[PDB]
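In what follows, a single structure is set out as structure tokens and then discussed.
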Amino acid sequence: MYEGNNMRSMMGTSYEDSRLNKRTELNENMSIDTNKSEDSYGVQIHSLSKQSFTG
Amino acid sequence: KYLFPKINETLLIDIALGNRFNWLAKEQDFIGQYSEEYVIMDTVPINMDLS
Numbered sequence: 385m386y387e388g389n390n391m392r393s394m395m396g397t398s399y400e401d402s403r404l405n406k407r408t409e410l411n412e413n414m415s416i417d418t419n420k421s422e423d424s425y426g427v428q429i430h431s432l433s434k435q436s437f438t439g
Numbered sequence: 050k051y052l053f054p055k056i057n058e059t060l061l062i063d064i065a066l067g068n069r070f071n072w073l074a075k076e077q078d079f080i081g082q083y084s085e086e087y088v089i090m091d092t093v094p095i096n097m098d099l100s
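Written as structure tokens, this is what we have:
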């Protein structure tokens, strides 16, 4: 309500949102994509691609 | 009773063989003797007892 200059340097400008970033996520999906055992009545074992996790 | 015995066919029965693991084919340059890698140990969060 009162203005003054409500932006001061820090923690006068931090009672608002203050840069909501990298919220905790289910990008890798448990209980759906994993924790999954609905795997189809396939034919053979074709391949399982191995990737060196550089990143 | 005098002819040389007449041979007519050889074949060389031959088949190739497989791997069943060739989707693990990782090539390299063959340098260095030892190779290793690592992982981080977990650090569980904490109670902010700000006193």
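So the protein sequences, as listed, match chains A and B.
Counting from 385, one number per residue, gives the positions in the first sequence under my numbering.
Counting from 50, one number per residue, gives the positions in the second sequence under my numbering.
Even for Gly, the Cβ is constructed at its ideal location relative to N, Cα and C.
Let me know the secondary structure DSSP gives residue i once reduced to three states.
i                      : result
residue 405 of chain A : coil
residue 411 of chain A : coil
residue 71 of chain B  : helix
Please report how far the alpha carbon of residue i lies from the alpha carbon of residue j, in whole angstroms.
i                      : j                      : result
residue 419 of chain A : residue 389 of chain A : 52 Å
residue 100 of chain B : residue 400 of chain A : 25 Å
residue 405 of chain A : residue 424 of chain A : 38 Å
residue 421 of chain A : residue 77 of chain B  : 36 Å
residue 70 of chain B  : residue 394 of chain A : 59 Å
residue 61 of chain B  : residue 414 of chain A : 56 Å
residue 397 of chain A : residue 430 of chain A : 57 Å
residue 427 of chain A : residue 84 of chain B  : 38 Å
residue 392 of chain A : residue 409 of chain A : 32 Å
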